[PDB]
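J.: Here you go, this is model.cif (mmCIF, C-alpha atoms).
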data_target
loop_
_atom_site.group_PDB
_atom_site.id
_atom_site.type_symbol
_atom_site.label_atom_id
_atom_site.label_comp_id
_atom_site.auth_asym_id
_atom_site.auth_seq_id
_atom_site.Cartn_x
_atom_site.Cartn_y
_atom_site.Cartn_z
ATOM 1 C CA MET A 1 -52.658 151.795 114.946
ATOM 2 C CA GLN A 2 -54.287 150.032 117.892
ATOM 3 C CA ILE A 3 -54.321 146.434 119.049
ATOM 4 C CA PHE A 4 -55.509 144.671 122.168
ATOM 5 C CA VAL A 5 -53.739 142.249 124.446
ATOM 6 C CA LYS A 6 -55.957 140.046 126.585
ATOM 7 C CA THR A 7 -54.884 138.512 129.896
ATOM 8 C CA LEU A 8 -56.162 135.281 131.512
ATOM 9 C CA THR A 9 -58.402 137.249 133.864
ATOM 10 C CA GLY A 10 -60.025 139.013 130.935
ATOM 11 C CA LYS A 11 -58.276 142.359 131.348
ATOM 12 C CA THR A 12 -57.606 144.022 128.034
ATOM 13 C CA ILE A 13 -54.526 146.158 127.478
ATOM 14 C CA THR A 14 -54.771 148.622 124.625
ATOM 15 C CA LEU A 15 -51.545 149.608 122.832
ATOM 16 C CA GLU A 16 -50.642 152.161 120.185
ATOM 17 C CA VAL A 17 -48.476 150.408 117.637
ATOM 18 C CA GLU A 18 -47.294 150.477 114.034
ATOM 19 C CA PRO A 19 -47.657 147.595 111.537
ATOM 20 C CA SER A 20 -43.851 147.406 111.471
ATOM 21 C CA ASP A 21 -43.548 147.118 115.225
ATOM 22 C CA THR A 22 -41.863 143.880 116.152
ATOM 23 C CA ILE A 23 -43.274 141.542 118.801
ATOM 24 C CA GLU A 24 -40.213 142.530 120.770
ATOM 25 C CA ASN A 25 -41.403 146.187 120.745
ATOM 26 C CA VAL A 26 -44.856 145.093 121.948
ATOM 27 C CA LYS A 27 -43.426 143.021 124.786
ATOM 28 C CA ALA A 28 -41.584 146.189 125.760
ATOM 29 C CA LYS A 29 -44.874 148.063 125.916
ATOM 30 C CA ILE A 30 -46.348 145.259 127.969
ATOM 31 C CA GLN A 31 -43.458 145.495 130.472
ATOM 32 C CA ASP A 32 -44.351 149.211 130.724
ATOM 33 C CA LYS A 33 -48.054 148.519 131.275
ATOM 34 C CA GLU A 34 -47.793 145.266 133.234
ATOM 35 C CA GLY A 35 -44.325 145.141 134.776
ATOM 36 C CA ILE A 36 -43.666 141.743 133.230
ATOM 37 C CA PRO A 37 -40.318 140.909 131.558
ATOM 38 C CA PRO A 38 -40.386 140.193 127.790
ATOM 39 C CA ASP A 39 -38.623 136.894 128.522
ATOM 40 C CA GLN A 40 -41.539 135.897 130.769
ATOM 41 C CA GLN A 41 -44.079 137.044 128.205
ATOM 42 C CA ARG A 42 -45.558 134.731 125.583
ATOM 43 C CA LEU A 43 -47.770 136.257 122.907
ATOM 44 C CA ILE A 44 -50.456 134.269 121.097
ATOM 45 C CA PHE A 45 -52.442 135.182 117.983
ATOM 46 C CA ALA A 46 -54.819 132.903 116.071
ATOM 47 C CA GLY A 47 -53.546 129.956 118.101
ATOM 48 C CA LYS A 48 -49.926 130.617 117.053
ATOM 49 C CA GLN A 49 -47.113 131.645 119.405
ATOM 50 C CA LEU A 50 -45.493 134.717 117.897
ATOM 51 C CA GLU A 51 -41.772 135.283 117.439
ATOM 52 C CA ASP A 52 -40.256 138.458 118.903
ATOM 53 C CA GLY A 53 -38.276 139.430 115.805
ATOM 54 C CA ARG A 54 -41.263 139.378 113.441
ATOM 55 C CA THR A 55 -43.429 142.422 112.897
ATOM 56 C CA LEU A 56 -47.173 142.586 113.389
ATOM 57 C CA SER A 57 -47.644 142.953 109.625
ATOM 58 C CA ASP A 58 -45.809 139.608 109.180
ATOM 59 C CA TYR A 59 -48.624 137.887 111.097
ATOM 60 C CA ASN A 60 -51.429 139.816 109.388
ATOM 61 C CA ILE A 61 -52.315 141.493 112.660
ATOM 62 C CA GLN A 62 -54.639 144.310 111.598
ATOM 63 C CA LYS A 63 -56.206 147.232 113.436
ATOM 64 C CA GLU A 64 -58.140 146.141 116.554
ATOM 65 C CA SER A 65 -56.612 142.654 116.651
ATOM 66 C CA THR A 66 -56.467 140.743 119.924
ATOM 67 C CA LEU A 67 -53.395 138.936 121.227
ATOM 68 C CA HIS A 68 -53.269 136.661 124.252
ATOM 69 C CA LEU A 69 -50.675 137.075 126.950
ATOM 70 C CA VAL A 70 -49.333 133.800 128.343
ATOM 71 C CA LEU A 71 -46.545 133.413 130.902
ATOM 72 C CA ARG A 72 -43.349 131.422 130.453
ATOM 73 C CA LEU A 73 -41.309 131.139 133.652
ATOM 74 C CA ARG A 74 -37.838 129.532 133.225
ATOM 75 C CA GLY A 75 -38.349 126.617 135.590
ATOM 76 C CA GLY A 76 -41.600 127.616 137.241
ATOM 77 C CA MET B 101 -60.626 111.447 133.993
ATOM 78 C CA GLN B 102 -61.444 113.541 130.915
ATOM 79 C CA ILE B 103 -59.964 116.964 130.124
ATOM 80 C CA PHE B 104 -60.758 119.509 127.416
ATOM 81 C CA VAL B 105 -58.491 121.224 124.907
ATOM 82 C CA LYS B 106 -59.229 124.292 122.804
ATOM 83 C CA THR B 107 -57.466 123.409 119.522
ATOM 84 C CA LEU B 108 -55.991 125.510 116.708
ATOM 85 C CA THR B 109 -59.308 125.762 114.858
ATOM 86 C CA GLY B 110 -60.960 126.725 118.127
ATOM 87 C CA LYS B 111 -62.949 123.499 118.374
ATOM 88 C CA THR B 112 -62.785 121.957 121.840
ATOM 89 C CA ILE B 113 -61.784 118.301 121.811
ATOM 90 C CA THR B 114 -61.958 115.820 124.662
ATOM 91 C CA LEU B 115 -59.069 113.830 126.034
ATOM 92 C CA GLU B 116 -58.991 110.839 128.349
ATOM 93 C CA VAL B 117 -56.204 111.089 130.879
ATOM 94 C CA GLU B 118 -54.784 110.220 134.320
ATOM 95 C CA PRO B 119 -53.814 112.630 137.151
ATOM 96 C CA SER B 120 -50.332 111.262 136.496
ATOM 97 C CA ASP B 121 -49.403 112.051 132.930
ATOM 98 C CA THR B 122 -46.503 114.222 131.911
ATOM 99 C CA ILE B 123 -47.483 117.069 129.608
ATOM 100 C CA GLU B 124 -45.402 115.269 126.943
ATOM 101 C CA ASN B 125 -47.804 112.331 127.319
ATOM 102 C CA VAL B 126 -50.748 114.699 126.762
ATOM 103 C CA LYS B 127 -49.181 116.292 123.683
ATOM 104 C CA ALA B 128 -48.868 112.783 122.226
ATOM 105 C CA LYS B 129 -52.644 112.214 122.629
ATOM 106 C CA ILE B 130 -53.222 115.615 121.001
ATOM 107 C CA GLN B 131 -50.993 114.559 118.064
ATOM 108 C CA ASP B 132 -53.278 111.566 117.519
ATOM 109 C CA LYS B 133 -56.406 113.697 117.111
ATOM 110 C CA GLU B 134 -54.684 116.783 115.664
ATOM 111 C CA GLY B 135 -51.643 115.724 113.658
ATOM 112 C CA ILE B 136 -49.231 118.221 115.244
ATOM 113 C CA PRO B 137 -46.036 116.774 116.800
ATOM 114 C CA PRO B 138 -45.421 117.212 120.583
ATOM 115 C CA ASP B 139 -42.323 119.443 120.192
ATOM 116 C CA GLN B 140 -44.326 121.591 117.811
ATOM 117 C CA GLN B 141 -47.206 121.969 120.300
ATOM 118 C CA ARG B 142 -47.523 124.288 123.283
ATOM 119 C CA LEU B 143 -50.076 123.731 126.050
ATOM 120 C CA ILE B 144 -51.469 126.526 128.215
ATOM 121 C CA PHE B 145 -53.526 126.327 131.384
ATOM 122 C CA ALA B 146 -54.392 129.041 133.887
ATOM 123 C CA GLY B 147 -52.564 131.577 131.713
ATOM 124 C CA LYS B 148 -49.158 129.875 131.677
ATOM 125 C CA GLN B 149 -47.107 127.539 129.507
ATOM 126 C CA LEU B 150 -46.809 123.985 130.869
ATOM 127 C CA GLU B 151 -43.445 122.093 130.774
ATOM 128 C CA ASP B 152 -43.181 118.689 129.011
ATOM 129 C CA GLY B 153 -41.750 116.948 132.078
ATOM 130 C CA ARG B 154 -44.128 118.093 134.785
ATOM 131 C CA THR B 155 -47.177 115.955 135.498
ATOM 132 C CA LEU B 156 -50.823 116.934 135.020
ATOM 133 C CA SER B 157 -51.287 116.829 138.816
ATOM 134 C CA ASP B 158 -48.222 119.009 139.518
ATOM 135 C CA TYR B 159 -50.253 121.810 137.912
ATOM 136 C CA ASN B 160 -53.380 120.639 139.776
ATOM 137 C CA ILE B 161 -55.325 119.907 136.578
ATOM 138 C CA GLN B 162 -58.683 118.557 137.827
ATOM 139 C CA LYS B 163 -62.062 117.143 136.771
ATOM 140 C CA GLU B 164 -63.016 118.869 133.535
ATOM 141 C CA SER B 165 -60.069 121.254 133.207
ATOM 142 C CA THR B 166 -59.660 123.063 129.870
ATOM 143 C CA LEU B 167 -56.296 123.639 128.157
ATOM 144 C CA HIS B 168 -55.271 125.729 125.211
ATOM 145 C CA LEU B 169 -53.259 124.250 122.412
ATOM 146 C CA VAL B 170 -51.116 126.740 120.522
ATOM 147 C CA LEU B 171 -48.552 126.306 117.774
ATOM 148 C CA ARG B 172 -44.993 127.182 118.800
ATOM 149 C CA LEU B 173 -42.816 127.732 115.738
ATOM 150 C CA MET C 1 -56.118 156.080 151.238
ATOM 151 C CA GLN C 2 -53.415 155.242 148.701
ATOM 152 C CA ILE C 3 -50.780 152.538 148.536
ATOM 153 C CA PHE C 4 -48.374 151.349 145.881
ATOM 154 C CA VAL C 5 -47.719 147.896 144.529
ATOM 155 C CA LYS C 6 -44.378 147.380 142.817
ATOM 156 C CA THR C 7 -43.726 144.734 140.165
ATOM 157 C CA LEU C 8 -40.405 143.016 139.328
ATOM 158 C CA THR C 9 -39.907 145.269 136.312
ATOM 159 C CA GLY C 10 -40.284 148.349 138.478
ATOM 160 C CA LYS C 11 -43.801 149.285 137.390
ATOM 161 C CA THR C 12 -45.788 150.815 140.201
ATOM 162 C CA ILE C 13 -49.526 150.273 140.507
ATOM 163 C CA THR C 14 -51.363 152.853 142.566
ATOM 164 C CA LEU C 15 -54.545 151.761 144.375
ATOM 165 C CA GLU C 16 -57.242 153.554 146.338
ATOM 166 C CA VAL C 17 -57.857 151.549 149.478
ATOM 167 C CA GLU C 18 -59.141 151.728 153.042
ATOM 168 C CA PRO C 19 -57.163 150.696 156.155
ATOM 169 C CA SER C 20 -59.760 147.958 156.682
ATOM 170 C CA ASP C 21 -59.370 146.565 153.193
ATOM 171 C CA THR C 22 -58.237 142.977 153.340
ATOM 172 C CA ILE C 23 -55.325 141.678 151.264
ATOM 173 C CA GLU C 24 -57.982 139.711 149.449
ATOM 174 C CA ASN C 25 -59.660 143.002 148.380
ATOM 175 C CA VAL C 26 -56.305 144.333 147.140
ATOM 176 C CA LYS C 27 -55.587 141.203 145.120
ATOM 177 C CA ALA C 28 -58.987 141.808 143.553
ATOM 178 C CA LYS C 29 -57.912 145.300 142.552
ATOM 179 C CA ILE C 30 -54.698 143.889 141.162
ATOM 180 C CA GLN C 31 -56.655 141.393 139.015
ATOM 181 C CA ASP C 32 -58.556 144.446 137.698
ATOM 182 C CA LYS C 33 -55.371 146.392 136.949
ATOM 183 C CA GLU C 34 -53.097 143.505 135.957
ATOM 184 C CA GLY C 35 -55.322 140.619 134.889
ATOM 185 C CA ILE C 36 -53.614 138.283 137.338
ATOM 186 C CA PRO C 37 -55.614 135.850 139.524
ATOM 187 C CA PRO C 38 -55.480 136.407 143.317
ATOM 188 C CA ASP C 39 -54.383 132.774 143.677
ATOM 189 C CA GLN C 40 -51.365 133.526 141.468
ATOM 190 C CA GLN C 41 -50.620 136.728 143.348
ATOM 191 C CA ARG C 42 -48.251 136.883 146.309
ATOM 192 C CA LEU C 43 -48.014 140.143 148.232
ATOM 193 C CA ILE C 44 -44.917 141.136 150.198
ATOM 194 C CA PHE C 45 -44.467 143.944 152.726
ATOM 195 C CA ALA C 46 -41.402 144.554 154.901
ATOM 196 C CA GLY C 47 -40.055 141.156 153.870
ATOM 197 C CA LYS C 48 -43.213 139.377 155.094
ATOM 198 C CA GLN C 49 -45.679 137.507 152.875
ATOM 199 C CA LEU C 50 -49.123 138.853 153.687
ATOM 200 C CA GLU C 51 -52.224 136.785 154.381
ATOM 201 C CA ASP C 52 -55.342 137.490 152.306
ATOM 202 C CA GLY C 53 -57.766 137.593 155.236
ATOM 203 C CA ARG C 54 -55.851 140.244 157.190
ATOM 204 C CA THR C 55 -56.465 143.934 156.674
ATOM 205 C CA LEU C 56 -53.848 146.501 155.753
ATOM 206 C CA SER C 57 -54.174 148.064 159.213
ATOM 207 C CA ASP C 58 -53.224 144.662 160.719
ATOM 208 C CA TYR C 59 -49.813 144.942 159.030
ATOM 209 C CA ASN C 60 -49.327 148.629 159.855
ATOM 210 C CA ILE C 61 -49.496 149.508 156.180
ATOM 211 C CA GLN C 62 -49.895 153.290 156.203
ATOM 212 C CA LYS C 63 -50.593 155.856 153.501
ATOM 213 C CA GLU C 64 -48.118 155.636 150.589
ATOM 214 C CA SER C 65 -46.792 152.207 151.581
ATOM 215 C CA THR C 66 -45.220 149.958 148.964
ATOM 216 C CA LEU C 67 -46.026 146.275 148.525
ATOM 217 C CA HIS C 68 -44.215 143.859 146.238
ATOM 218 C CA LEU C 69 -46.063 141.635 143.824
ATOM 219 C CA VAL C 70 -44.608 138.136 143.499
ATOM 220 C CA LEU C 71 -46.056 135.276 141.451
ATOM 221 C CA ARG C 72 -47.014 131.845 142.753
ATOM 222 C CA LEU C 73 -47.929 129.403 139.983
ATOM 223 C CA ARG C 74 -49.347 126.036 141.194
ATOM 224 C CA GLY C 75 -46.711 123.803 139.639
ATOM 225 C CA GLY C 76 -44.897 126.286 137.440
ATOM 226 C CA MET D 101 -20.481 129.395 142.744
ATOM 227 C CA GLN D 102 -21.677 132.181 145.053
ATOM 228 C CA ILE D 103 -25.186 133.672 145.071
ATOM 229 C CA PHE D 104 -26.671 136.648 146.909
ATOM 230 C CA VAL D 105 -29.749 136.898 149.109
ATOM 231 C CA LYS D 106 -31.569 140.028 150.236
ATOM 232 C CA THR D 107 -32.576 139.080 153.807
ATOM 233 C CA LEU D 108 -35.387 140.218 156.111
ATOM 234 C CA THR D 109 -33.392 143.165 157.457
ATOM 235 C CA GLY D 110 -32.520 144.095 153.890
ATOM 236 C CA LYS D 111 -28.843 143.231 154.287
ATOM 237 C CA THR D 112 -27.518 141.166 151.389
ATOM 238 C CA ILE D 113 -25.712 138.020 152.488
ATOM 239 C CA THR D 114 -23.564 135.718 150.391
ATOM 240 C CA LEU D 115 -24.105 132.022 149.914
ATOM 241 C CA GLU D 116 -21.844 129.344 148.492
ATOM 242 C CA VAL D 117 -23.734 126.920 146.303
ATOM 243 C CA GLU D 118 -23.774 124.447 143.389
ATOM 244 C CA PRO D 119 -25.824 124.655 140.146
ATOM 245 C CA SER D 120 -27.440 121.501 141.513
ATOM 246 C CA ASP D 121 -29.037 122.330 144.824
ATOM 247 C CA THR D 122 -32.720 122.057 145.544
ATOM 248 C CA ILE D 123 -34.237 125.258 146.895
ATOM 249 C CA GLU D 124 -34.771 123.311 150.150
ATOM 250 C CA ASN D 125 -30.983 122.892 150.302
ATOM 251 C CA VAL D 126 -30.576 126.667 149.892
ATOM 252 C CA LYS D 127 -33.130 127.469 152.594
ATOM 253 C CA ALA D 128 -31.089 125.273 154.949
ATOM 254 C CA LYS D 129 -27.953 127.392 154.302
ATOM 255 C CA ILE D 130 -30.066 130.510 154.903
ATOM 256 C CA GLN D 131 -31.249 129.034 158.240
ATOM 257 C CA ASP D 132 -27.607 128.740 159.302
ATOM 258 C CA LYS D 133 -26.888 132.443 158.792
ATOM 259 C CA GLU D 134 -30.408 133.713 159.553
ATOM 260 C CA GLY D 135 -32.068 131.427 162.085
ATOM 261 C CA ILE D 136 -35.344 131.025 160.169
ATOM 262 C CA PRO D 137 -36.460 127.434 159.406
ATOM 263 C CA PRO D 138 -36.791 126.308 155.732
ATOM 264 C CA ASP D 139 -40.589 125.773 155.856
ATOM 265 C CA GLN D 140 -40.900 129.230 157.354
ATOM 266 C CA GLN D 141 -38.831 130.819 154.556
ATOM 267 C CA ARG D 142 -39.882 131.813 151.051
ATOM 268 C CA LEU D 143 -37.371 132.473 148.269
ATOM 269 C CA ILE D 144 -38.070 134.747 145.305
ATOM 270 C CA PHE D 145 -36.118 135.198 142.096
ATOM 271 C CA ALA D 146 -37.101 136.965 138.887
ATOM 272 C CA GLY D 147 -40.396 137.983 140.503
ATOM 273 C CA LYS D 148 -41.660 134.493 141.355
ATOM 274 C CA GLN D 149 -41.748 132.076 144.274
ATOM 275 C CA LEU D 150 -39.358 129.118 143.937
ATOM 276 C CA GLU D 151 -40.466 125.545 144.892
ATOM 277 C CA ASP D 152 -38.496 123.535 147.508
ATOM 278 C CA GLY D 153 -37.983 120.566 145.182
ATOM 279 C CA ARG D 154 -36.780 122.267 142.027
ATOM 280 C CA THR D 155 -33.045 122.745 141.576
ATOM 281 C CA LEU D 156 -31.167 126.048 141.380
ATOM 282 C CA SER D 157 -30.350 125.298 137.719
ATOM 283 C CA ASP D 158 -33.971 124.464 136.804
ATOM 284 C CA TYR D 159 -34.628 128.177 137.385
ATOM 285 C CA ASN D 160 -31.382 129.057 135.567
ATOM 286 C CA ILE D 161 -29.832 130.750 138.614
ATOM 287 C CA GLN D 162 -26.364 131.831 137.406
ATOM 288 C CA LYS D 163 -23.087 133.491 138.424
ATOM 289 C CA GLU D 164 -23.949 136.165 140.968
ATOM 290 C CA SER D 165 -27.738 135.822 140.973
ATOM 291 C CA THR D 166 -29.643 137.637 143.740
ATOM 292 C CA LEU D 167 -32.632 136.152 145.596
ATOM 293 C CA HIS D 168 -35.129 137.627 147.981
ATOM 294 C CA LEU D 169 -35.850 135.980 151.273
ATOM 295 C CA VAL D 170 -39.308 136.673 152.661
ATOM 296 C CA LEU D 171 -41.139 135.335 155.688
ATOM 297 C CA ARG D 172 -44.177 133.196 154.861
ATOM 298 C CA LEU D 173 -46.446 132.869 157.888
#
Please express the file's structure as structure tokens.
T.:
Amino acid sequence: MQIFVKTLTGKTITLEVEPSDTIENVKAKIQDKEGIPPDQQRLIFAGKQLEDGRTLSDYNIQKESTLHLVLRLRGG
Amino acid sequence: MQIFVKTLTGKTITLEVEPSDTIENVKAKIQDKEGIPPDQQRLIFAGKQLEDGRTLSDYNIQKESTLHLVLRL
Amino acid sequence: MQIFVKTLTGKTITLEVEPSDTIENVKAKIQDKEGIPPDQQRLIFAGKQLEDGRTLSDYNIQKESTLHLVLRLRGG
Amino acid sequence: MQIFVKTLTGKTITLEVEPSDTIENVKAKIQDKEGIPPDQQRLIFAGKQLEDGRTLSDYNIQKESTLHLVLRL
């Protein structure tokens, strides 16, 4: 399956995933493609901040869906 | 000074605010028009998540700046 | 010419540049490849934080050089 | 509590410090062993630039955390 992850700038990252892939797995793929730590990553879908332990299928994220990458830095 | 906020539905609402207003203060104004409690809200600006304690000016939120309201649960 | 930009994670971004390319031009290429705003980008080379208006040749950045991408968020 | 700092030369030096110490306070200790003034220093940790006002604990700098000292000019 294939989903898209959009960055502030507008860059779109395309990832090959499975409906059962957790958000944790996706953050791992984002660290591979963006060099950003899963702890620093924040994923948004339909205005909801996703939880790492839930799978894409748990959030009804279908083929071609777009997620938004937000940054969460410990203290700044 | 008025700022904008893209809400959960996607509809942009307008908020009145001062350069000096903790994000917590802003979330409270968003609870008035939206119903969602501050601790249950998450504000984003310039691609990052804003802390409840920091002030609107600490992030350099200007004139007609637009924020994104997401649901953290 | 070709230089490398390393991220915290260890990801390496490869960019085609010219010795006369400013740091500003490189940050532009990083926004293209990483979706991160030049204002949020901080470039390091040899332990020195580079200035956007200077060219690579001004910092003796040769072929294959490695720069480190650091983040600078306004207030956090 | 002791923290590490990769200096300009690349040599890692060791600093004694408290969970509560503004970054400014840390830069001062780095000026002692390095010679570079605080305003002329730039500290990085977990890929980001740390602010002079924020405290070492606000960034969750623990046990044997390692920072990078760069020259901002």
J.: Counting all atoms listed in the file, which residues of chain D come no farther than 9 Å from chain A, as a list in words?
T.: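 Result, ordered by chain then number: residues 146, 147, 148, 149, 150, 151, 154, 155, 157, 158, 159 and 160 of chain D.
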J.: Could you tell me which residues of chain A sit within 12 Å of chain C when counting all atoms listed in the file, and give me the result as a PyMOL selection string?
T.: chain A and resi 5-13+28-40+68-76
J.: Give me the least-squares superposed chain C (reference chain A; all C-alpha atoms paired in order) as a PDB file with C-alpha atoms, keeping the file's coordinate frame.
T.:
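Output (result.pdb):
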ATOM      1  CA  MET C   1     -52.658 151.795 114.945  1.00  0.00           C
ATOM      2  CA  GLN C   2     -54.287 150.032 117.892  1.00  0.00           C
ATOM      3  CA  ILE C   3     -54.321 146.434 119.049  1.00  0.00           C
ATOM      4  CA  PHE C   4     -55.508 144.671 122.169  1.00  0.00           C
ATOM      5  CA  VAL C   5     -53.739 142.250 124.446  1.00  0.00           C
ATOM      6  CA  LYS C   6     -55.957 140.045 126.586  1.00  0.00           C
ATOM      7  CA  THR C   7     -54.884 138.512 129.896  1.00  0.00           C
ATOM      8  CA  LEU C   8     -56.162 135.282 131.512  1.00  0.00           C
ATOM      9  CA  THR C   9     -58.402 137.249 133.863  1.00  0.00           C
ATOM     10  CA  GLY C  10     -60.025 139.013 130.935  1.00  0.00           C
ATOM     11  CA  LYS C  11     -58.275 142.360 131.349  1.00  0.00           C
ATOM     12  CA  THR C  12     -57.606 144.022 128.035  1.00  0.00           C
ATOM     13  CA  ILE C  13     -54.526 146.158 127.478  1.00  0.00           C
ATOM     14  CA  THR C  14     -54.771 148.622 124.625  1.00  0.00           C
ATOM     15  CA  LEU C  15     -51.545 149.608 122.833  1.00  0.00           C
ATOM     16  CA  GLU C  16     -50.642 152.161 120.185  1.00  0.00           C
ATOM     17  CA  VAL C  17     -48.476 150.408 117.637  1.00  0.00           C
ATOM     18  CA  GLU C  18     -47.294 150.477 114.034  1.00  0.00           C
ATOM     19  CA  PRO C  19     -47.657 147.595 111.537  1.00  0.00           C
ATOM     20  CA  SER C  20     -43.852 147.406 111.471  1.00  0.00           C
ATOM     21  CA  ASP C  21     -43.548 147.118 115.225  1.00  0.00           C
ATOM     22  CA  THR C  22     -41.864 143.881 116.152  1.00  0.00           C
ATOM     23  CA  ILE C  23     -43.274 141.541 118.801  1.00  0.00           C
ATOM     24  CA  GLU C  24     -40.213 142.530 120.770  1.00  0.00           C
ATOM     25  CA  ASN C  25     -41.403 146.187 120.745  1.00  0.00           C
ATOM     26  CA  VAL C  26     -44.856 145.093 121.948  1.00  0.00           C
ATOM     27  CA  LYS C  27     -43.427 143.021 124.787  1.00  0.00           C
ATOM     28  CA  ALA C  28     -41.584 146.190 125.760  1.00  0.00           C
ATOM     29  CA  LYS C  29     -44.874 148.063 125.916  1.00  0.00           C
ATOM     30  CA  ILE C  30     -46.348 145.259 127.970  1.00  0.00           C
ATOM     31  CA  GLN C  31     -43.458 145.495 130.472  1.00  0.00           C
ATOM     32  CA  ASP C  32     -44.351 149.211 130.724  1.00  0.00           C
ATOM     33  CA  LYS C  33     -48.054 148.519 131.275  1.00  0.00           C
ATOM     34  CA  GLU C  34     -47.793 145.266 133.234  1.00  0.00           C
ATOM     35  CA  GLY C  35     -44.325 145.140 134.776  1.00  0.00           C
ATOM     36  CA  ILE C  36     -43.666 141.742 133.230  1.00  0.00           C
ATOM     37  CA  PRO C  37     -40.318 140.909 131.558  1.00  0.00           C
ATOM     38  CA  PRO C  38     -40.386 140.193 127.790  1.00  0.00           C
ATOM     39  CA  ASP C  39     -38.622 136.894 128.522  1.00  0.00           C
ATOM     40  CA  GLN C  40     -41.539 135.897 130.769  1.00  0.00           C
ATOM     41  CA  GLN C  41     -44.079 137.044 128.204  1.00  0.00           C
ATOM     42  CA  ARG C  42     -45.558 134.732 125.583  1.00  0.00           C
ATOM     43  CA  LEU C  43     -47.770 136.257 122.907  1.00  0.00           C
ATOM     44  CA  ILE C  44     -50.456 134.268 121.097  1.00  0.00           C
ATOM     45  CA  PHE C  45     -52.442 135.182 117.983  1.00  0.00           C
ATOM     46  CA  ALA C  46     -54.818 132.903 116.071  1.00  0.00           C
ATOM     47  CA  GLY C  47     -53.546 129.956 118.101  1.00  0.00           C
ATOM     48  CA  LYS C  48     -49.927 130.617 117.053  1.00  0.00           C
ATOM     49  CA  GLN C  49     -47.113 131.645 119.405  1.00  0.00           C
ATOM     50  CA  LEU C  50     -45.493 134.717 117.897  1.00  0.00           C
ATOM     51  CA  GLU C  51     -41.772 135.283 117.440  1.00  0.00           C
ATOM     52  CA  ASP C  52     -40.256 138.458 118.904  1.00  0.00           C
ATOM     53  CA  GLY C  53     -38.275 139.430 115.804  1.00  0.00           C
ATOM     54  CA  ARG C  54     -41.263 139.378 113.441  1.00  0.00           C
ATOM     55  CA  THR C  55     -43.429 142.423 112.897  1.00  0.00           C
ATOM     56  CA  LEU C  56     -47.173 142.586 113.388  1.00  0.00           C
ATOM     57  CA  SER C  57     -47.643 142.953 109.624  1.00  0.00           C
ATOM     58  CA  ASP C  58     -45.809 139.609 109.180  1.00  0.00           C
ATOM     59  CA  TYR C  59     -48.624 137.886 111.097  1.00  0.00           C
ATOM     60  CA  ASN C  60     -51.429 139.816 109.387  1.00  0.00           C
ATOM     61  CA  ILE C  61     -52.315 141.493 112.660  1.00  0.00           C
ATOM     62  CA  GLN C  62     -54.639 144.309 111.598  1.00  0.00           C
ATOM     63  CA  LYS C  63     -56.207 147.231 113.436  1.00  0.00           C
ATOM     64  CA  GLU C  64     -58.141 146.141 116.554  1.00  0.00           C
ATOM     65  CA  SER C  65     -56.612 142.654 116.651  1.00  0.00           C
ATOM     66  CA  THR C  66     -56.467 140.744 119.923  1.00  0.00           C
ATOM     67  CA  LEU C  67     -53.395 138.936 121.227  1.00  0.00           C
ATOM     68  CA  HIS C  68     -53.269 136.660 124.252  1.00  0.00           C
ATOM     69  CA  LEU C  69     -50.675 137.075 126.951  1.00  0.00           C
ATOM     70  CA  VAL C  70     -49.333 133.800 128.343  1.00  0.00           C
ATOM     71  CA  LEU C  71     -46.545 133.413 130.902  1.00  0.00           C
ATOM     72  CA  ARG C  72     -43.349 131.422 130.453  1.00  0.00           C
ATOM     73  CA  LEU C  73     -41.309 131.139 133.652  1.00  0.00           C
ATOM     74  CA  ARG C  74     -37.838 129.532 133.224  1.00  0.00           C
ATOM     75  CA  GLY C  75     -38.349 126.617 135.590  1.00  0.00           C
ATOM     76  CA  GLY C  76     -41.600 127.616 137.241  1.00  0.00           C
TER      77      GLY C  76
END
J.: Run the PyMOL selection byres ((chain B and resi 101) around 12) against the file shown and list the residues it catches, as a PyMOL selection string.
T.: chain B and resi 102-104+114-121+156-157+161-165
J.: Go ahead and save the picked residues with C-alpha atoms, as an mmCIF file, in the coordinates of the input.
T.:
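Now in again-v9.cif:
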data_model
loop_
_atom_site.group_PDB
_atom_site.id
_atom_site.type_symbol
_atom_site.label_atom_id
_atom_site.label_comp_id
_atom_site.auth_asym_id
_atom_site.auth_seq_id
_atom_site.Cartn_x
_atom_site.Cartn_y
_atom_site.Cartn_z
ATOM 1 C CA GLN B 102 -61.444 113.541 130.915
ATOM 2 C CA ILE B 103 -59.964 116.964 130.124
ATOM 3 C CA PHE B 104 -60.758 119.509 127.416
ATOM 4 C CA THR B 114 -61.958 115.820 124.662
ATOM 5 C CA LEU B 115 -59.069 113.830 126.034
ATOM 6 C CA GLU B 116 -58.991 110.839 128.349
ATOM 7 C CA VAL B 117 -56.204 111.089 130.879
ATOM 8 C CA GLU B 118 -54.784 110.220 134.320
ATOM 9 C CA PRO B 119 -53.814 112.630 137.151
ATOM 10 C CA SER B 120 -50.332 111.262 136.496
ATOM 11 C CA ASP B 121 -49.403 112.051 132.930
ATOM 12 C CA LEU B 156 -50.823 116.934 135.020
ATOM 13 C CA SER B 157 -51.287 116.829 138.816
ATOM 14 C CA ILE B 161 -55.325 119.907 136.578
ATOM 15 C CA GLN B 162 -58.683 118.557 137.827
ATOM 16 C CA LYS B 163 -62.062 117.143 136.771
ATOM 17 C CA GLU B 164 -63.016 118.869 133.535
ATOM 18 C CA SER B 165 -60.069 121.254 133.207
#
J.: From the set B:122, B:107, B:153, B:145, which residue has the shortest atom-to-atom contact distance to chain D, counting only C-alpha atoms?
T.: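 Using only C-alpha atoms, the shortest distance to chain D belongs to B:153.
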J.: For residue 23 in chain A, work out the shell of residues within 12 Å, counting only C-alpha atoms and skipping chain neighbours fewer than 5 positions away, then give it as a PyMOL selection string.
T.: chain A and resi 5+17-18+28-30+38-39+41-45+49-59+61+67+69
